[PDB]
């Protein structure tokens, strides 16, 4: 089964909100505690701003649904520690990946993403990931089993 605390990166959050995922989204929000990094929220909004959506309004909706986690001092410190040792090993990941993974570790959330291997170098620091497609199938199974 799946753990209670989970999170998504911007790409995954975009899909979770697509019209084809309406049902899966409803179940996920009803059964899980989703902790999103403000960074993930900002990047999601960039995609929404691209198609001229009302950002201010969509932000309130997200805030009214999710536990939006700020870039806390502890996250800033932890992220700097992870990035520095990774960099010391010629491993370079973009800022979004670092903050997203650091926040997942901090909130003890399973990071659902369509590209888990990209985050693989952060596992050693405590990060746990799961393929989005497997996550979706898991939730569907949950629905099938219900009374």
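Residue numbers count along the first chain shown, from 1.
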query: Is residue 98 missing in a third or more of the other PDB entries that were compared?
result: no
- prompt: Is it true that residue 50 goes unbuilt in a third or more of the other compared entries of this protein?
  reply: yes
task: On mean C-alpha B-factor from the PDB entry, just flag whether 29 to 37 or 50 to 58 is the higher one.
output: 50 to 58
- prompt: Per the PDB entry, which option out of 83, 120, 96, 115 has the greatest Cα B factor?
  reply: 120
- prompt: What third of its chain's C-alpha B-factors does residue 129 belong to: lowest, middle or highest?
  reply: middle
message: Please place residue 92 in the lowest, middle or highest third of its chain according to the CA B-factor in the PDB entry.
response: highest
- request: Could you tell me which third, lowest, middle or highest, the C-alpha B-factor of residue 13 occupies within its chain?
  value: lowest
